[PDB]
Structure formats: C-alpha cells, structure tokens
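As the structure lists them, so they are numbered: ligands from 1, and atoms in each ligand from 1. The chains referred to below are lettered A, B, ... by the order of the sequence lines, with proteins before strands, and numbering in each begins at 1. Quick note: numbers below take in every heavy atom, side chains included, and nothing from hydrogens, waters or symmetry partners.
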Amino acid sequence: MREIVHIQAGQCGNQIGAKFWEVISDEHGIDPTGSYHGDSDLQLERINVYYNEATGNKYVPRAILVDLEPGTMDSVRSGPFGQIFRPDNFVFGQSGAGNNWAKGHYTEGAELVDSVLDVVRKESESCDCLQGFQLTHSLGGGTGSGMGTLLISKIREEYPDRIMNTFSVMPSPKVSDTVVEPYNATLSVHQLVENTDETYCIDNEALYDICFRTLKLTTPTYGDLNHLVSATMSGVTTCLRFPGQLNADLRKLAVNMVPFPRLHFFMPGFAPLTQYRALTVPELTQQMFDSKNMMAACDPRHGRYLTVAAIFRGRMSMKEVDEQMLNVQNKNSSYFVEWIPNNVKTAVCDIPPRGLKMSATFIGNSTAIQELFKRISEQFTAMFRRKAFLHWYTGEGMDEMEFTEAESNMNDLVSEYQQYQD
Amino acid sequence: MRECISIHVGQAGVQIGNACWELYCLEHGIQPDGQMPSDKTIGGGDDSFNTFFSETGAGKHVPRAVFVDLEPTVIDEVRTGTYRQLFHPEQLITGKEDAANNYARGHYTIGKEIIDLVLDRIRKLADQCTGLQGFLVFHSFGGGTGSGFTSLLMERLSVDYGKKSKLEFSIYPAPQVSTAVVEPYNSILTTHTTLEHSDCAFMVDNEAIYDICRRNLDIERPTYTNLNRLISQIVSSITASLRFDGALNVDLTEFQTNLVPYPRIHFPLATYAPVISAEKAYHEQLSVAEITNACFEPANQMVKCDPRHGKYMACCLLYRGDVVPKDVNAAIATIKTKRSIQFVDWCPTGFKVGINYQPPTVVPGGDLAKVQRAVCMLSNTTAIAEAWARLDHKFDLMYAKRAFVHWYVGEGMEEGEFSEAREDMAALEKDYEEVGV
Amino acid sequence: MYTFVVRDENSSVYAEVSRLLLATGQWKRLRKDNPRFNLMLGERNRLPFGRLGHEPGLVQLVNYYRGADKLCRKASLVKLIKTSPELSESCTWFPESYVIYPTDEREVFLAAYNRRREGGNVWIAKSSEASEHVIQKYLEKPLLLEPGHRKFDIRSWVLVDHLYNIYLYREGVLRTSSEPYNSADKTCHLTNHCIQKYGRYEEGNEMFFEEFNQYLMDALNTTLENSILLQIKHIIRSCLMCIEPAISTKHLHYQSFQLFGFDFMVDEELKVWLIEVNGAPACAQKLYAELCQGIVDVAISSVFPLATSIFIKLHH
Amino acid sequence: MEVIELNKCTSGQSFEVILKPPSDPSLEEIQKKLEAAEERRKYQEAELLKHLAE
Ligand SMILES: Nc1nc2c(ncn2[C@@H]2O[C@H](COP(=O)(O)OP(=O)(O)OP(=O)(O)O)[C@@H](O)[C@H]2O)c(=O)[nH]1
Ligand SMILES: Nc1ncnc2c1ncn2[C@@H]1O[C@H](COP(=O)(O)OP(=O)(O)CP(=O)(O)O)[C@@H](O)[C@H]1O
Ligand SMILES: COc1cc2c(cc1OS(N)(=O)=O)CCN(Cc1cc(Br)c(OC)c(OC)c1)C2
Ligand SMILES: Nc1nc2c(ncn2[C@@H]2O[C@H](COP(=O)(O)OP(=O)(O)O)[C@@H](O)[C@H]2O)c(=O)[nH]1
Ligand SMILES: [Ca+2]
Ligand SMILES: [Mg+2]
Ligand SMILES: [Mg+2]
Ligand SMILES: [Mg+2]
C-alpha cells in the first residue's frame with residue numbers, strides 16, 4: 001500500500017483536480033518545474049504516494065487527465081502548474097458530451113475509454129505496491145458523470161482488488177447549467193453505489209450557501225467554490241501524504257469508515273472558512289462540526305453519525321485537542337449511533353496548510369446525507385412523470401426502463417439510510 | 001542447556017520485541033555489535049544466557065529470535081537500529097501489503113501465502129538447538145496481522161513441534177491507544193482460534209500501561225516508546241529466570257505447572273512495582289513490604305479489574321535487587337491480614353518466590369528511574385474475566401446489525417465463524433463463573 | 001452539562017433525583033444503554049460494574065457499591081457478623097442468628113435451643129417450638145407506645161459518598177402497628193405499612209421523630225438522642241467501617257455512592273437492635289423532597305459541581 | 001506459614017511460602033479450511049466478473 005493513481009474527468013473534474021495538485025505541490029515544496037526546494041524532510045518522506053520521481057531529482061504527479069472536449073484541458077496545460085504534468089497522460093476527444101449522461105456512458109465515451117485504460121495500466125505497472133485510484137468529477141454533466149462512471153466500471157474489471165475513491169460534485173438549482181442535471185445525477189449515483197469504496201459528496205448548493213452567507217460574497221464564482229473544494233481535498237489527504245503515527249491508506253480508511261457496503265458516501269467539513277489571528281483549539285472543533293461548515297447541504301441534526309474522522313494541522317496541544325473532541329461527543333451524543341463503539345477518530349499533523357497557522361478537516365458518514373438524494377429524487381420525478389426531456393436520451397439508445405431502475409435504486413438508498421437512523 | 005526461540009508478529013510484536021532485546025543486552029553486558037567481553041568460552045558454551053543467544057566463531061552473541069510483519073515499515077527500524085549488527089537478515093521477514101486491520105485478511109488471504117516461509121526460517125533456528133524448550137510469541141489482538149496470522153502460525157507450530165511449549169504476550173485493545181473500530185471482532189476471532197494451541201498467555205491492556213505512564217511517570221501523552229520500555233521491564237522479569245541462574249521457572253513447562261491448573265483458563269494477571277519517574281533527582285526507596293503491598297492495588301496491574309471480587313488459583317512473586325527472604329515473609333504475613341485474598345478451596349493458599357540479586361536494569365536516559373528493588377507478581381485470578389465481558393459486549397453491539405461483517409466475508413470467511421467464535425467466548429465466560437462462584 | 005442514564009424505572013427515590021436533575025438545566029438524560037455517561041442510576045440485579053470507568057475522558061459515578069450485598073442479604077449478613085473479627089459475633093447489638101439450608105448450621109441451632117427451651121424462647125424465620133433461610137431470636141420484650149400497647153420499628157436513612165464519609169439523615173420514621181401486642185394472629189407482630197393496611201393513632205401508621213422524642217420525654221424523662229440515637233450511630237459506623245476495605249472505590253477506576261435503609265428494633269430497656277440492612281429502600285412522602293435534594297447536594301454534585309446541613313456526619 | 005525448597009546460588013535464591021493446605025487439527029485439515037476460503041473468494045470474484053460481463 002504505497003502508490004495512488006489520480007484521474008480527473010470532465011470540466012469540473014479537471015478544474016478541481018488542477019487546484020488540488022497546485023495546493024499539495026506547494027505543501028511538499030515542489031515548484032512548477034517539478035524540482036524540490038523545501039526546507040524540511042517531512043515533505044519528502046511519503047512523497048511517492050502521489051508523485052513519481054524522474055532522473056534528475058524531478059517529481060512528476062501520478063495523474064491522468066481525461067475529457068471529451070479539449071477546452072478545459074488546454075487551460076490546465078496553460079495554468080500555474082501546467083508544465084508539471086506528464087505529457088502522455090493527457091487523453092481527450094473532440095465531440096463533447098452535451099451534458100448528456102448517455103453520450104458519456106454509451107456513445108461518445110465508449111470510443112475513448114480504451115485509450116484512458118492504456119495510460120492507467122502504464123502507471124499501475126510501475127507501482128511497487130498500488131493502493132487504488134481516486135477520481136474527480138461532477139455528476140450533473142456528461143463526461144465526468146457518464147464517462148467517469150464507465151471508467152470506474154472498467155477499472156474495477158481489471159483491478160478488482162484495489163480501492164476505488166471519488167470526489168463527486170452534486171448539482172443544485174442554485175448553481176445550475178441545464179434542466180436535465182437531476183437525470184444525469186440519478187443515473188450516476190446508481191453506478192457509484194455499486195463500484196466505489198468511498199465517495200466524498202461535494203454539494204454545489206452547500207458551497208454556494210457558504211460563499212453567500214458566511215464569506216459574504218454576493219455573486220460567487222466557480223473559482224470561489226473551488227477554493228473551498230481544494231481546501232477540503234488537501235485536508236482529507238493529509239494523513240495519506242505526510243508521515244504520522246496514523247500511517248493511513250485507502251483500504252484502512254474504507255475498513256474503518258464503511259460499516260455497510262452501499263453506505264459509503266461521506267460528508268466533509270473544514271475550518272476555518274477563508275485573518276491573521278490564529279484560531280484556538282476550541283474554536284476549530286466548534287466550527288468544524290457546525291452545519292455552516294459542511295460541504296454537503298444536509299443538516300447533521302436531522303440524522304446520526306455512523307463514523308467520524310478528523311485531522312488537526314498546526315502546532316497545538318494534543319491534550320487540548322482530545323479535551324475538545326471528547327467534549328463535543330459527550331455533549332451531542334444524541335447524534336451518534338450507540339452500536340459502534342469508539343466511532344470518532346482524531347489525528348494531528350505538525351505541517352499546517354499554506355497561510356493558516358492551524359486548521360481542522362472533518363470526514364463524516366452521516367445518515368443525514370439522505371436529504372441530498374431526496375432532493376435530487378424529487379426533481380427527477382417531477383420531470384419523469386411527464387417524460388419531459390427524455391427524447392435527448394432515447395435518441396442515444398436508452399429505454400425508459402433504465403430510468404425507472406436508477407430512480408428505484410435511488411429511493412432504496414434513501415430508505416436504507418432511514419433504516420439505520422431509527 | 002535448553003534453548004528458547006522468540007517470535008514477534010505484527011507491529012506491536014516487533015516494536016515490543018526491540019525493547020526487550022535492547023534491555024537483555026544491557027542486563028548481560030552485550031554491546032550492540034554482539035561482542036561480550038565477560039564471556040570467556042568463545043564460540044560456544046552451555047551457560048544460562050545461551051538459552052537466548054547463540055555464539056559465532058568471531059565472538060558475536062546472536063539472539064534466537066525471528067521478526068515477522070506483513071508490511072516492512074516497522075522491521076526496517078530494526079535493520080537500521082542501534083542493534084542492527086545483532087541480528088542476521090534471515091531472522092527478519094517482511095511482506096508487501098498488510099492485513100488492513102482485517103483478521104480474515106491476515107489469516108486466510110495473506111496468511112496462506114507466507115506461512116511456509118516463516119516455518120522454514122523457524123526450522124533453521126531449531127536445527128541449531130540441542131534441546132529446544134518452545135517458543136515465546138509476541139503480538140496484538142487488534143491488528144489484522146497480530147490476530148489473523150498469529151492464529152495460523154500457532155496452528156502450524158502445534159503440528160510441527162507437537163511436544164514443545166508455546167507462551168504468548170498479547171496486547172489487549174483500548175480506545176486510549178486505538179487503531180481500528182473492528183478491534184473487538186479481531187480480538188474474539190483470534191482468541192477462539194488460538195486457545196487450544198497456547199499453554200500460557202500474559203495479557204497487557206494498553207489502557208493500563210497508558211494510565212501508569214501518566215500517573216507515575218508524569219507523561220501527559222505517552223508514546224509507544226514509553227509504553228514498550230515499561231512493558232519490557234515486565235517481560236524481562238518474567239523471562240529473567242530463563243536467562244540467569246536460578247531454580248524457579250527455569251523452563252517454559254514450569255509456567256504451566258505453576259500458573260495454569262485448567263487449560264482453557266490460562267491468562268495470568270501481572271502486576272509490577274515500583275514505577276518511579278526518573279525526572280525526580282531523588283525518590284524515597286520503597287521497601288520489600290511496600291512494593292509487595294502494591295501488587296494488590298488495581299492501579300498497578302497490567303489489566304484493569306478488581307481482584308477483590310474474584311478467586312485466586314496460583315500466585316508467583318519475582319523479586320529483583322536488594323531482597324532477602326526474611327523481609328518477603330514479613331510482608332506476606334502483613335498482607336494476609338490487611339486485604340482480602342481468597343483462593344479456590346481446591347488450591348493451596350501459597351506463594352512461589354524467586355529472587356535475583358542483580359537489580360533491575362534501565363535504559364540510560366530513559367523515563368524509568370533506577371531502583372534498588374522491584375517485584376512482579378503473576379497471579380491467575382478469575383477477576384480477569386471482567387476484561388472478557390467488556391470486550392464481548394462491544395462485539396455484541398456491532399454484530400447485532402452485522403456492521404462491518406462484509407469486509408471479512410469478502411475475504412473468504414463465513415458468517416458462521418463469527419457466531420462460532422462468539423459462542424466459544426460465551427463458554428469461556430461461563431467457565432470463569434463456575435470457578436469464581 | 002453532565003450526563004446520566006436511568007436503568008431502574010421502579011426507583012421512587014431516584015425517580016425524584018432524575019427529575020430534580022432535569023430541573024437543574026445542567027443535567028440531561030440519555031438512553032438507558034448509552035455508554036458515554038457521567039452518572040448511572042443503575043439496576044438492582046446484575047449491575048455490570050466491570051464495564052464502568054473505561055470510557056476515556058469520563059469521570060463515571062454510580063449509585064451502588066459493588067460487594068455491598070454482603071450487608072443487605074440476610075444470609076450473608078449473618079455470615080459477615082460471625083466471621084468478621086471487627087464484629088467477632090460478640091457484638092451486643094445483633095440478635096442471635098443461624099443460617100440453615102433446606103456450610104450449614106442446623107446442628108448448632110438446635111444445640112443452643114436446648115439450653116434455651118429448658119428455661120423460654122420464641123424464634124422467627126424468613127428469607128415457640130423448633131420443630132414447626134435464617135433463624136434468629138424473636139424480641140419477645142419490645143418497647144410499646146401508649147396508649148395502644150403497640151410495637152414499632154425505626155427506619156434510618158444513611159448516605160455514603162465516594163470518599164466513604166458516612167452521612168446519617170436527620171429525619172427518621174417509626175413504622176408503628178395498630179393492634180395491641182399479644183404474646184400468646186400476626187398483624188400485631190409484623191410492622192409493615194402494607195400489612196397494616198389502621199391509621200387510628202397516626203397517619204399512615206408512621207410516627208416521625210419530633211413526636212416520638214416528645215413521647216420519650218413526657219413518658220420516660222429522656223431524649224431520643226441519648227436513649228436510642230447514640231446506639232444507632234454506633235451500629236451504622238461499625239457495619240460500614242467493617243467492609244470498607246472490600247468495597248471502597250478510593251483508588252478504583254470508577255466511584256460509588258449508595259443510600260442505605262437501616263431497620264432497628266428497640267426493647268423495653270432502651271437498647272437498640274439491628275434487624276436488617278436494606279440496599280434498595282423507599283422513603284416517606286413527607287421526606288421525599290428533602291432527602292432526594294440532599295443526595296444531589298452531597299453525593300452527586302460533590303463530584304460534579306455546578307455554577308446547616310440535613311445530615312449528621314458520622315466521623316471515623 | 002511454612003517455607004520450603006530454598007535454592008541458593010550466586011545469582012539469587014527461590015523458595016515457596018504456603019499459608020493453608022487445599023480444602024489437535026492435522027496439517028491437511030488446516031489446508032482444507034484454507035483452500036475452502038480461497039474457493040469462496042474465487043466464487044465471489046467469478047460472479048462479479050460475470051456481472052460486469054453483462
Ligand atoms: N503497547 C503497544 N501497543 C501497540 C504497539 N503497536 C501497536 N499497538 C496496538 O496494537 C493494536 C493494532 O495492531 P497492530 O499491531 O498495530 O497491527 P498489525 O499486527 O501490524 O496488523 P495490520 O492490521 O496488518 O497492520 C492497537 O490496539 C495498538 O494500540 C506498540 O508498539 N506498543
Ligand atoms: N427477631 C425479631 N424480633 C422482633 N421483631 C422482628 C424480628 N424479626 C423480624 N421482626 C419484625 O418483622 C418485620 C419485618 O421483618 P423483615 O424486615 O425481616 O422482613 P422484610 O425485610 O421483608 C421487611 P423490611 O424491608 O422493612 O425489613 C419487622 O418490622 C420486625 O418488627
Ligand atoms: C471511525 O473510526 C476510525 C477511523 C479511522 C481509523 C480508525 C478508526 O477507528 S478507531 N477510532 O481508531 O477505533 C484508521 C484509519 N483512519 C484514516 C484517516 C484518514 C483521514 Br483522512 C483522517 O483525516 C480526516 C483521519 O483522521 C485524522 C483518519 C480512519
Ligand atoms: N464546484 C464546481 N462545480 C462545477 C464546476 N464546473 C461545472 N460544475 C458543475 O458540474 C455540473 C456540470 O458538469 P460539467 O463538469 O460542466 O460537465 P462535463 O464537462 O460533461 O463533465 C453542473 O452542476 C455545474 O454546476 C466547477 O469548476 N466547480
Ligand atoms: Ca560462552
Ligand atoms: Mg460545463
Ligand atoms: Mg501493521
Ligand atoms: Mg424489605
């Protein structure tokens with residue numbers, strides 16, 4: 001359990017994946033040219049987890065960039081760290097997916113998938129001991145949603161004994177591109193229930209609310225939302241990238257956070273929300289667990305936590321961290337399940353993210369996540385009961401029955417979370 | 001002269017293994033290069049310390065040990081540690097992919113692929129013995145390797161060395177020093193599979209070692225190094241008789257004869273004192289009576305429980321340092337009147353005592369202060385069943401919903417093994433209640 | 001706030017303690033099976049002590065002393081007094097008792113009964129001729145309240161906190177009878193509120209302390225403190241200091257407190273006799289409020305603080 | 001309070017203090033269970049590959 005292979009598909013997938021590499025390259029002291037100019041050695045001890053080393057002491061990320069149109073991947077190759085990526089790992093087409101799950105999954109996407117698998121196989125074959133894969137994408141479009149899930153299905157067929165992890169962005173009418181987004185998201189969730197071990201649910205509705213109400217941004221942009229997404233992504237990989245007592249990896253994560261195979265959709269949280277006055281430990285814990293700090297638009301007070309994991313970064317008191325975590329558990333013990341003893345894990349890392357003197361990141365497996373699937377389910381049924389906009393999909397070879405199935409499995413998932421909440 | 005072989009499995013087993021062998025070399029005057037200037041029989045001998053060390057023609061004293069782990073991070077510390085020159089590469093065994101805190105993954109999936117390699121490395125040590133006693137096995141309950149692979153190794157050792165004794169040193173799981181939510185599952189599965197193959201096992205609860213390091217050593221956040229150097233002191237006093245001249249517990253079979261009347265109830269409770277902080281430039285040196293009295297204080301034992309509400313079956317007192325029998329008997333007579341020490345009516349109400357004149361050894365610059373006398377008590381009491389009930393209840397909470405069970409099934413295990421191992425733990429709990437009334 | 005759980009719905013005393021704690025605003029009740037709690041109001045039988053004091057960061061307190069049933073079981077109380085050198089059987093305040101089975105003491109009970117039968121003696125048994133569990137001598141010469149020519153028993157409530165301080169409630173209750181004593185029917189022989197139900201002399205057939213102390217002054221020229229209470233305080237001290245090394249939680253990973261109900265018997269020579277020790281007692285209606293609040297003040301909030309006394313501290 | 005079996009030497013001594021008198025599976029069976037678990041794993045993997053095949 002050492003090397004991770006990263007993959008990013010579609011517009012959203014390649015934009016948050018780009019900011020992710022820009023952030024962690026900075027934390028490990030890797031410049032845009034792949035050279036190391038850091039001061040400590042903690043940034044080089046586990047660097048092979050995400051970076052390959054080339055002759056000449058250069059560090060090249062182990063990432064693969066995928067898209068059915070070249071618009072977004074051109075901007076990445078021209079960005080701040082565009083020169084850092086291996087040139088061969090750019091795989092893209094020209095037709096695009098038109099925000100249509102069927103095009104990404106069945107027609108346009110099928111032509112390109114084999115080329116992606118060739119690059120994945122090339123990276124995997126060079127791994128001393130491959131952990132698994134992580135994928136970034138949105139569920140409301142065509143490429144990341146439709147083709148992204150097709151890739152997951154194929155990768156599981158060749159590497160069935162490796163972990164599959166995703167960062168999945170949920171659509172919201174408050175930040176919408178097309179009216180068919182509920183269709184695409186319902187079809188992708190069905191796939192995710194079957195073929196991933198861990199999924200971080202990044203809700204665009206929650207990101208918007210945080211920028212508007214807390215950060216006081218009247219007209220938020222995708223750039224603003226991705227600032228929150230990159231902070232969250234850096235926080236939830238800290239324990240994978242730095243040497244610590246934990247020594248975490250993707251399998252131990254899944255083993256300890258997922259009590260039932262289907263219920264592997266996690267709710268992430270971060271604090272503080274982005275000035276020179278560092279926060280006290282009690283401030284971190286309080287903010288980290290507040291609804292205003294959740295990245296999925298669900299109220300944790302409407303459900304219970306199956307498992308929780310939290311990391312603290314900076315130079316702080318471990319005693320004070322323990323004293324504050326045990327405090328929140330024992331003062332909100334009504335929102336934790338009783339039948340999983342010691343289901344809250346805490347860890348500390350001495351390296352704080354750039355700019356902050358200390359921060360805290362939260363991973364939650366809560367039954368309140370059902371409010372998200374309910375939201376998407378109601379939007380789905382309002383259109384489907386009149387067969388509205390279906391011709392876009394029946395023209396790609398799909399039948400109505402396939403929609404009835406994804407909707408049916410989506411509602412089963414909602415009732416499954418309600419089962420374990422009572 | 002009869003040899004003993006030690007086996008260290010998983011992270012906990014290997015790290016604790018390093019601590020012990022570091023202390024051994026200090027107590028026997030063996031430098032980190034294997035040289036022993038006090039030994040005058042170069043290349044051989046049948047001395048007491050040769051039960052744990054063999055000798056080469058150049059004068060090196062090599063431990064009779066083997067280190068095993070399904071991943072290599074922890075054993076690489078040994079190969080580059082202060083005592084690297086002590087071991088031979090064939091004695092250290094490492095895999096690629098650990099058991100992911102999964103018993104089934106360590107016993108079935110990955111255990112089958114490496115069991116023969118380890119048995120062949122063990123066979124190489126046995127061949128160099130003329131009169132092998134048995135094995136000492138270190139491991140954890142909670143880890144996927146320490147629980148799953150250990151139980152496979154103990155099954156095979158019984159087959160290849162049917163007449164040899166096997167002792168365990170096991171680390172019982174605690175949330176204060178936690179690593180996985182399924183540690184109750186792995187604890188029950190391995191206790192069920194190892195039981196018929198272990199002659200005597202010493203449990204150490206990480207909650208107890210954690211509280212002692214905080215209370216007595218004034219250490220706010222204890223580390224593995226702190227925990228192990230205190231655990232090494234306990235181990236060194238339990239194995240001192242095998243390495244030094246003496247008459248009490250001079251071979252592995254004596255441990256069963258003096259501590260284990262019933263085969264299944266083979267978990268003696270250990271208690272140690274005094275643990276004094278080395279940060280105190282001076283501390284009153286406790287007497288024989290005082291340190292003996294502390295062996296019946298719950299805050300000093302390796303497994304938190306109330307011996308006042310159980311019955312004893314056997315008791316052994318092991319002293320090290322400036323101790324003479326006269327004082328030991330005075331303290332014993334004193335403790336029988338102050339406290340409640342009730343044996344079972346079918347066992348004698350006595351104590352077996354051993355005294356080693358060499359006082360305890362401490363790591364230079366470590367956390368433990370040098371003392372002039374110390375004692376470790378080994379008592380087989382029913383009160384230790386409290387720890388079985390605590391652990392069995394946590395297993396029942398998760399299993400009622402079948403939570404996490406799919407990770408084990410996916411490795412080839414059947415749900416039936418869960419209830420099978422659980423019913424065995426219910427029978428074990430019942431056997432303690434019959435003895436304790 | 002502070003955390004407590006409830007595991008005995010039949011507790012009249014702690015039903016008020018759990019209700020008074022809810023009136024504090026600083027205590028909140030959990031589900032009966034939640035492991036993370038500061039205080040447990042646990043069940044009578046098979047309370048799982050072995051699972052207490054193992055939750056990190058939690059100071060856990062419980063309303064029972066493990067091993068305290070040796071004093072509250074009639075068979076084990078007899079054994080405790082006979083085999084305890086601190087009591088040594090020779091204690092002058094416990095009636096001659098013997099334990100039998102349907103080791104046994106059937107042989108030694110009939111031996112002392114022979115020296116007794118020759119002369120008189122009448123015994124009692126629960127769980128005049130011997131031919132017709134534990135057996136002890138029946139106090140054939142009790143103290144009778146006039147008018148009425150009736151017997152009674154005294155109930156005293158004692159509270160022991162985590163530090164093993166012994167607090168004696170200032171308010172007692174005499175559970176009196178209604179029918180004159182006939183040393184020839186068993187209603188005038190057994191003093192119980194349920195058996196009595198009646199209520200002609202006092203309400204509920206229970207006389208409180210201020211009235212009984214006035215009766216002792218006008219009828220006997222003495223006070224309740226000198227004639228009876230001193231002896232009661234001695235018995236309470238002697239019994240609780242005996243088992244202290246066996247149940248004390250002074251160095252244990254969890255802490256204990258427990259309310260006790262001592263039942264005494266007074267004879268016509270103003271001598272106090274201990275009948276039995278109750279581990280799960282009830283209380284009088286006119287005293288449910290004062291006592292239960294005293295518990296929280298001295299026993300609960302003494303470990304879990306917030307933002308004259310009613311007990312007499314029996315030093316030792 | 002009796003002491004018995006006092007054994008002295010240069011490294012120490014030992015004795016006993018009494019206060020009151022008193023009132024396996026074969027190699028093939030192992031391999032059998034190990035190979036059974038590997039078969040159940042192989043079965044479960046064949047069903048997934050058959051599911052992905054559809
Ligand atoms: N006292 C002590 N306990 C330890 C030590 N290392 C791990 N533990 C305990 O062991 C348990 C975890 O099992 P490990 O030994 O780390 O796991 P493993 O045997 O390596 O098996 P894997 O799951 O494959 O890693 C936890 O309960 C830890 O508290 C140690 O060095 N000293
Ligand atoms: N040796 C004795 N001499 C005089 N009276 C006795 C006696 N033994 C029992 N009694 C009477 O019997 C009554 C109840 O006896 P006992 O207390 O053993 O039953 P019990 O425990 O079920 C009710 P409680 O809980 O109030 O003690 C007492 O009120 C007492 O007056
Ligand atoms: C749900 O509980 C448990 C959770 C976990 C473990 C054990 C548990 O069980 S436990 N309490 O040890 O008994 C071990 C593996 N670990 C991985 C991890 C990844 C990340 Br990222 C983190 O950062 C947010 C983190 O937190 C700092 C931890 C999760
Ligand atoms: N948070 C975030 N969401 C995005 C971004 N770009 C697109 N989205 C969302 O993703 C969905 C559209 O999918 P998109 O990635 O554009 O389609 P694709 O290119 O076919 O994969 C809509 O719900 C958008 O709100 C982005 O940069 N950040
Ligand atoms: Ca020699
Ligand atoms: Mg788009
Ligand atoms: Mg390990
Ligand atoms: Mg009663």
Side-chain angles (χ1 to χ4, degrees), chain A residues 1 165 198 200 232-242 244-246 248-259 266 268-270 288 305-313 321 325 329 336-337 340-349 359-365, chain B residues 9-15 68-75 94-95 97-102 106 139-140 142-149 173-184 394 398 404, chain C residues 56 72-74 126-127 153 155 175 190-194 261 263 275-282:
Chain A
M1 297 302 293
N165 169 71
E198 314 133 345
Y200 300 114
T232 299
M233 292 191 63
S234 169
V236 304
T237 54
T238 303
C239 289
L240 304 168
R241 310 187 275 101
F242 285 104
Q245 277 287 353
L246 195 32
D249 62 48
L250 296 176
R251 192 175 306 275
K252 289 173 197 170
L253 179 62
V255 173
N256 286 274
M257 296 288 304
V258 177
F266 300 150
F270 186 89
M288 183 173 57
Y305 287 101
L306 301 178
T307 49
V308 177
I311 179 74
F312 294 76
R313 306 184 65 173
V321 177
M325 288 305 302
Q329 296 187 51
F336 294 84
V337 295
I340 303 175
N342 194 35
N343 57 340
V344 182
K345 183 49 176 282
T346 308
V348 176
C349 176
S359 57
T361 301
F362 164 78
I363 293 180
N365 190 345
Chain B
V9 185
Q11 172 174 299
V14 172
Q15 296 196 139
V68 183
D69 198 6
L70 298 185
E71 61 119 328
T73 286
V74 183
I75 285 181
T94 41
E97 196 162 83
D98 70 46
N101 304 151
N102 184 327
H139 69 105
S140 67
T145 302
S147 63
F149 180 75
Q176 296 81 347
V177 188
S178 196
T179 52
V181 291
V182 292
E183 293 198 52
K394 296 182 176 183
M398 288 186 295
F404 298 100
Chain C
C72 296
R73 293 305 189 275
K74 304 186 183 74
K126 197 256 176 180
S127 181
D153 64 354
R155 162 67 72 87
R175 300 181 288 184
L190 282 64
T191 72
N192 263 329
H193 181 276
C194 60
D263 296 334
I275 290 299
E276 79 162 5
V277 186
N278 291 121

Original post:
Can you tell which of A:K252, A:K345, A:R241 gets a heavy atom nearest to atom 3 (C) of ligand 3?
Top reply: A:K345
Taking non-hydrogen atoms only, is [X] closer than 4.0 angstrom to ligand 3 via side chain, backbone, both or neither?
X      : answer
A:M257 : side chain
A:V236 : backbone
A:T238 : neither
A:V344 : backbone
B:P175 : neither

**OP:** Measure across B:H139 and B:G146 and return the closest heavy-atom pair with its distance rounded to 0.1 Å.
**Re:**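 Nearest pair, atom of B:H139 first, then B:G146: ND1-O, 2.7 Å.
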Counting only nitrogen or oxygen atoms and a 3.5 angstrom limit, does [X] reach ligand 3?
X      : answer
A:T237 : no
A:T361 : no
B:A180 : yes
A:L253 : no
B:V181 : yes

**OP:** Output the list of atoms in ligand 3 that are nearer than 4.0 Å to some heavy atom of A:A347, sorted by atom number.
**Re:**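 In order of number, 27 (C).
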Original post:
What are the atoms of ligand 3, with element, lying closer than 4.0 Å to any heavy atom of A:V308?
Top reply: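 The atoms of ligand 3 under 4.0 Å from a heavy atom of A:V308 are 1 (C).
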Subject >> Any side-chain donor near an acceptor of the partner, A:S234 and A:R241, under 3.5 Å >> reply: yes
**OP:** With rounding to the nearest 0.5 Å, note down the distance linking CG in B:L70 to OG1 in B:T145.
**Re:** 3.5 Å
